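Chains as they are written, first to last, in the entry's author numbering: chain A, 609 to 621, 641 to 675, 690 to 706; chain B, 707 to 827, 855 to 940, 944 to 1146; chain C, 855 to 940, 944 to 951; chain D, 707 to 804; chain E, 1001 to 1049. What follows is a short report on a single structure.
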Amino acid sequence: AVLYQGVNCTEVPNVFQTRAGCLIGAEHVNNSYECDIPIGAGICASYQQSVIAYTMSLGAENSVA
Amino acid sequence: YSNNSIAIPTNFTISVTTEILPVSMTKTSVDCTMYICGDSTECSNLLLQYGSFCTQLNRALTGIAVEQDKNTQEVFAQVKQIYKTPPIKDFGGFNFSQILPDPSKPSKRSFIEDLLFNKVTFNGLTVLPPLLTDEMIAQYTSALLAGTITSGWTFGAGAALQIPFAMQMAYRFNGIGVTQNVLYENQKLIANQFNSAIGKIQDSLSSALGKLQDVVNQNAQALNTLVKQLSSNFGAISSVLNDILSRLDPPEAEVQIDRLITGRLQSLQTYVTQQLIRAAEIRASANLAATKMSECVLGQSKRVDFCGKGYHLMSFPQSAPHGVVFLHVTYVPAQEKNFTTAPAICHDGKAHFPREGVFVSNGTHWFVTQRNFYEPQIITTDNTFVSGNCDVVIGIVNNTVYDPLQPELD
Amino acid sequence: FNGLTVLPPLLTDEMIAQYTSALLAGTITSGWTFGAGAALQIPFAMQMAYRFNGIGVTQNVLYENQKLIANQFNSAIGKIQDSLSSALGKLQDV
Amino acid sequence: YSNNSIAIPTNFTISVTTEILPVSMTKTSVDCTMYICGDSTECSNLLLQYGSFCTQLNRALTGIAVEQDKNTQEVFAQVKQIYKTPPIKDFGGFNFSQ
Amino acid sequence: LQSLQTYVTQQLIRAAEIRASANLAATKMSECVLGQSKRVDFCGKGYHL
Ligand SMILES: *[C@@H]1O[C@H](CO[C@@H]2O[C@@H](C)[C@@H](O)[C@@H](O)[C@@H]2O)[C@@H](O[C@@H]2O[C@H](CO)[C@@H](O)[C@H](O)[C@H]2NC(C)=O)[C@H](O)[C@H]1NC(C)=O
Ligand SMILES: *[C@@H]1O[C@H](CO)[C@@H](O[C@@H]2O[C@H](CO)[C@@H](O)[C@H](O)[C@H]2NC(C)=O)[C@H](O)[C@H]1NC(C)=O
Ligand SMILES: *[C@@H]1O[C@H](CO)[C@@H](O[C@@H]2O[C@H](CO)[C@@H](O)[C@H](O)[C@H]2NC(C)=O)[C@H](O)[C@H]1NC(C)=O
Ligand SMILES: *[C@@H]1O[C@H](CO)[C@@H](O[C@@H]2O[C@H](CO)[C@@H](O)[C@H](O)[C@H]2NC(C)=O)[C@H](O)[C@H]1NC(C)=O
Ligand SMILES: *[C@@H]1O[C@H](CO)[C@@H](O)[C@H](O)[C@H]1NC(C)=O
Ligand SMILES: *[C@@H]1O[C@H](CO)[C@@H](O)[C@H](O)[C@H]1NC(C)=O
Ligand SMILES: *[C@@H]1O[C@H](CO)[C@@H](O)[C@H](O)[C@H]1NC(C)=O
Ligand SMILES: *[C@@H]1O[C@H](CO)[C@@H](O)[C@H](O)[C@H]1NC(C)=O
Ligand SMILES: *[C@@H]1O[C@H](CO)[C@@H](O)[C@H](O)[C@H]1NC(C)=O
Ligand SMILES: *[C@@H]1O[C@H](CO)[C@@H](O)[C@H](O)[C@H]1NC(C)=O
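This is how it looks when you write it as C-alpha cells:
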C-alpha cells in the first residue's frame, strides 16, 4: 500500500483519506484489532487476501463488581 | 533535644500535591534537497558530490520521531484492560467527580484535564502526527484511575479484585505505620480533608505548567532559526538561487552556488545535532515518568520523597499536552505534644521492652503508645516482652506491669 | 583575554556548609521525622534501636550492647579521617 | 550446603564507608566577536554574513550555566529550616565532633 | 568558527553527564539521609542504618 503524507487525495496523479494523508491500495474495515503496522492518528495497517486499514483498539473492556 | 524527652503527634492532615512531567516532543522531518536547493537541478548535481550527507540526516530525524511514540506508549500503556467505574458511586465520603470523566466535556476529559489543556498554548519542513490521539490517552488514564479506585493495587499484579474503598484506605494506613481503628474512627474528617484538598488544587490551577511550555518554546525557536538561516549570503552575491541562475553562465554560477550549499548544509547539521541532544533529555524524563506510574500509582511507595512529601498514600494520573500530571495524596502529622520516655521498665527484677510501641509518661503514670499517633494504653504482659535483668540497660525505670490472668484466677 | 569569562556560582561555599550542617543536626536530633513534617525530638539511643528494628534485629540487642556499638562507630570515624589524610579522583577529573 | 544445616551469626560489626559524587561544573562564557575577530571592524563585517551563528552559541552556553545552579539547588536545598544542635551533647557514647 | 562549534558541542554532552550524576546525588540525599533504605547496595554494603 502507498501512503502520500499530508496531501489531499484530489492532488494525486481503494483511496482512503486519513489525517496522516492519502492511503491507496488498502481497504477500510469497521472492525478493530491491535496495531501491527502503525500509521498516524490512531490508524494501523495489517495483512489478512489484501492489506487493510482500521482503528486500533486499546484493549478489552470489563467492569469491576 | 534531651536524653529523656520525646514528642508525639496527636492529629493528622491529608495533603494533595501536583507534579508535572514532560513525556514527548513534536515530530518533524526535513527534506535536504528541497531546503538546500529547491527546484534547481544544477544545485542538485552540485549537491551529489557531497555524497551520503542527507541520508544520515534523514535517518537521525526518523529515529527521533519513532522514539517519541515509544516514549508515550511506555508511559501510558500499562493496563491490560479498560476498566470502568460503576454507575453507583459510594466510596465512603470521598468525592472523585473532578478527576473522573464526564461525557459533556470534549474528548470525554475530566474537569482538571480540561483546565490543563487550555493553559499550555514550505522549505521541506513537515510535522508528523502522533500515533496515539488525545482521546486514546484519556481512555488509558480513565482506565488506570477507575481500576485504582475500584480494586486498589491488585490489578497491577494480576486480575483485579474488588474491595470497599474505606477498607483499602485502612490497608494503606497500615502501610504507613498507623492502625486501622485510627481510620475507622475518623472517617468523615479524612473524607472532608481530601475533598477540600482537591478543591484547592482545582482553584490553584485555574488562576504552573512551565516545564511543558519550555519544550514547545525551544522547538519553535529551533525551527525559526532554521528557516531564518536561508536569508544569509555566506559570501555569494545574493541569497536567492533563482537570481544566481539568471544573470550568470554556469562556470561562473557554480562557485557561488557552492558557497550557498556549504552554508546551508552546515546549518542543517547544527540543527540535527541539537535535536538529538534534546531528544536524549526528553527520553530520560519519560523514563522517570514511567517509573513513577508503576511505583506510585499501581502501588504504595516506601521510598522517601519519591511520590511526595509526607507519607505516601496513593496517586492519581492525569494527561496534559505532551506530558503527565500526578496528584499525590500524603499523610502529615500535626499538633505534637511533649512527654518523658524510657528504654525499658524494671519490674520484679526483669526488663520489659515494648512490642511495636514507645513508653511515655504524663508526669505521674506510664503508658505505652504507638509511635506515629497518641493512643496511650496500660502496660501489660501483652504489650511487652521480657529480656534479662535490670542491671545492663542505661535509663531503666521502675514501674508495675499488670498481669491479666491473675484477676481471673482470684 | 580572548573573550573567555568565568561566572561565579550563586551559592557560596559558606551557604552550602550551612545547608549541610542543618541537615546533619536535624538528623542527629530528630531522626527521620523532619523530612516528613515538623521535627520531633527523640533520644539518640532510642532512634538507633528503631533502626535496628528496621533491619530485622530486636531492640534489646542494641540496649544490651550499647557501649560496644558506640566504640565501634567512633573507631570507624577515626579510620575514615586517617584514610582521607594520606580518593577524590572523580572530582578531579571534571 | 546441606538439606538440614544452617549458619547463624553470633556478633556484628559497625562499618562506615564514603561515597563521592560530582554535582556541578564551572560556568564559562565566550564572546564570538572578540574571539574570532578581536577589535577588527573588517572582520566583523565579514562575520555578519554568516548570520545567527553566534546567538545560538551564546544561548547554549547560558543554558548550561543556569543548569549548573539548578543542579546545586536540587541537591543541597532540601531543608525548610536551619536546625541547630544543642550546646549539651549527650548522644549516648557516640562522638560526632569530627 | 569551526573550533568554537566543536567546543560548544562537547560542553553540551559533558553537561548532560553531570546532570545525570547530580540527579543520582539528589536521590541519595532524599532516600539515604532523610530516611532508612531497604534497597540493596544503594546506600552501602551491609544493612543500612
Ligand atoms: C496522667 O494520666 C492519668 C491517667 O489518665 C488516663 O490517661 C490519660 C492519658 C487520659 O486518657 C485520661 O482520660 C485517662 O483517664 C491521670 O490520672 C487520672 O486523673 C483523673 C483526673 O484527676 C482521675 O479522674 C482518674 O481517676 C485518674 N486515673 C487514675 C488511674 O488514677 C493523671 O491525672 C494524669 N496526670 C497529669 C499530670 O495530667
Ligand atoms: C484534628 O484536626 C482537625 C482539622 O482541623 C480538627 O477538626 C476541626 O475541628 C474544629 C473544632 O472542632 C472545627 O471547627 C473544624 O471544622 C474541624 N475541621 C474538620 C475538617 O473537620 C480536629 O478537631 C482535630 N482533632 C483534635 C483532637 O483536636
Ligand atoms: C527500683 O527498685 C529497686 C528495688 O526496689 C531499687 O534498687 C535499690 O536501690 C537502693 C538505692 O540505694 C539500694 O540501696 C537497694 O539495695 C536496691 N535494691 C533493693 C532491693 O532495694 C532501685 O533503686 C529503684 N530505682 C529507682 C530509680 O528508684
Ligand atoms: C563481638 O565482637 C567485639 C568486637 O571485637 C568483641 O569485643 C572485643 O572483645 C575483646 C575480648 O573481650 C576485647 O579485647 C576487645 O577490646 C573488644 N572490642 C571492643 C570494640 O569492645 C566482643 O567480645 C564480641 N562478642 C563475643 C560474644 O565474642
Ligand atoms: C480535499 O478537498 C476537498 C475539496 O476539494 C475538501 O472538501 C476536503 O476537506 C479536502 N481534504 C483535506 C484533508 O483538506
Ligand atoms: C461500516 O460502518 C458504516 C457506517 O455505519 C456503514 O455504512 C457500513 O455499512 C459498515 N460496513 C460494514 C461492513 O459493516
Ligand atoms: C462532589 O463534588 C461536586 C463538585 O463540587 C458536587 O457537585 C457534588 O455534590 C459532590 N458530591 C457528590 C456525591 O457528587
Ligand atoms: C517541649 O518543651 C520545650 C521546652 O523548652 C519547648 O521548647 C517545646 O516547644 C515543647 N514541644 C512542643 C511540641 O510543644
Ligand atoms: C540524662 O542526662 C542526665 C544529665 O543531664 C543524667 O543525669 C542522666 O543519667 C541521663 N539519663 C540517661 C538515661 O542517660
Ligand atoms: C570526641 O572525639 C574528640 C576527637 O577525637 C575527642 O577530643 C573527644 O574527647 C571525644 N569525646 C567528646 C565527648 O568530645
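Note that CB positions come from ideal geometry on N, CA and C, so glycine has one too.
- Cut-off 7 Å between Cβ atoms - residues of its own chain near B/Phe718, not counting five sequence neighbours on either side: For B/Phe718, where only same-chain residues beyond five positions count, the Cβ hits under 7 Å are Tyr1067, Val1068, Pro1069, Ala1070.
- Query: Exposed or buried, which one is B/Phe855 when buried takes at least 16 other CB atoms within 10 Å?
  - Reply: Burial call: exposed.
- Message: Can you give me the C-alpha to C-alpha distance between B/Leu984 and B/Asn978, rounded to a whole angstrom?
- Response: 11 Å
- Return the bridge partner residues of B/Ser735 from the DSSP annotation. Partner residues in the beta bridge of B/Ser735, as assigned by DSSP, are B/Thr859.
- By how many angstroms is the C-alpha of E/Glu1017 removed from the C-alpha of B/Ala713? 44 Å
- Minimum Cβ-Cβ distance from B/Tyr904 to chain C less than 8 Å: no
- State buried or exposed for B/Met1050, treating a residue as buried only when at least 16 other CB atoms are found within 10 Å of its CB. buried
- Task: Please say whether C/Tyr917 and B/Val1129 have beta carbons closer to each other than 8 Å?
- Result: Contact: yes.
- Under 8 Å between C-beta atoms, does B/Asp1041 make it to chain E? yes
- Task: State the Cα-Cα distance for the pair B/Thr883 and B/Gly1035, rounded to the nearest angstrom.
- Result: 14 Å
- What residues from chain D crowd round E/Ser1021, counting only those whose CB sits closer than 8 Å? Correct list: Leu727, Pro728, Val729.
- Query: Identify the residues that DSSP records as bridge partners of B/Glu725: which are they?
  - Reply: B/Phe1062
- For B/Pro1053, which beta-bridge partners are listed by DSSP? B/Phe1062
- Message: Starting from A/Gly648, trace the alpha helix (DSSP H) in both directions and tell me its first and last residue.
- Response: From DSSP, A/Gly648 is part of no alpha helix (DSSP H) but of the beta strand (DSSP E) over 648-651.
- Query: Looking at C-alpha atoms only, which residue of C/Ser939, C/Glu868, C/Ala879 is the closest neighbour of D/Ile794?
  - Reply: C/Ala879
- Message: Please return the same chain residues whose Cβ sits closer than 8 Å to the Cβ of B/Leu1024, not counting the five positions on each side in sequence.
- Response: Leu727
- When DSSP labels each residue in this structure, what does E/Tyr1047 get in the three-state scheme? coil
- So which residues on chain D does residue 1000 of chain E lean against when the C-beta distance must stay under 9 Å? Examination of residue 1000 of chain E is not possible in this model, given that chain E is present from 1001 through 1049 alone.
- Message: At a cut-off of 7 Å, would you count A/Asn657 as near ligand 6, judging by its Cβ distance to the nearest heavy atom?
- Response: yes
- Message: Which same chain residues end up closer than 6 Å to A/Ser659 when comparing Cβ atoms and leaving out the 5 residues on each side of it in sequence?
- Response: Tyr695, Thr696, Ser698
- Message: Three Cβ pairs or more, each shorter than 8 Å: is that satisfied between the region 1107-1114 of chain B and the region 930-939 of chain C?
- Response: no
- Meets three-Cβ-pair contact criterion under 8 Å: the region 1007-1015 of chain B and the region 770-786 of chain B: yes
- Item | Distance CB(B/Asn1119)-CB(B/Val1133) smaller than 8 Å | The answer is no: Cβ separation not under 8 Å.
- Shortest alpha-carbon distance to C/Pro897 belongs to which of B/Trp1102, B/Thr1077, B/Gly1085? B/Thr1077
- Message: So for B/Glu1111, helix, strand or coil by DSSP?
- Response: It is coil, neither helix nor strand.
- Closer than 9 Å, Cβ to Cβ, to anything on chain C: give me those residues from the region 1090-1105 of chain B, in chain order. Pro1090, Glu1092, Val1094
- What are the boundary residues of the alpha helix (DSSP H) that B/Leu959 is part of? 946-964
- Provide the residue(s) that pair with A/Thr696 in DSSP beta bridges, ordered along the chain. BP columns for A/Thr696 point to A/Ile670.
- Helix, strand or coil for D/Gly799 per DSSP? strand
- Residues sharing a beta bridge with B/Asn1134, DSSP: The partner list for B/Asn1134 (beta bridge, DSSP) reads B/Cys1082.
- Using a Cβ-Cβ distance under 8 Å, would B/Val1133 count as near chain C? Nearest CB-CB separation between B/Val1133 and chain C: not below the 8 Å threshold.
- Message: Is there a C-beta anywhere in chain A that falls below 8 Å from the one on B/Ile1130?
- Response: Taking Cβ atoms only, chain A never reaches closer than 8 Å to B/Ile1130, which makes this a no.
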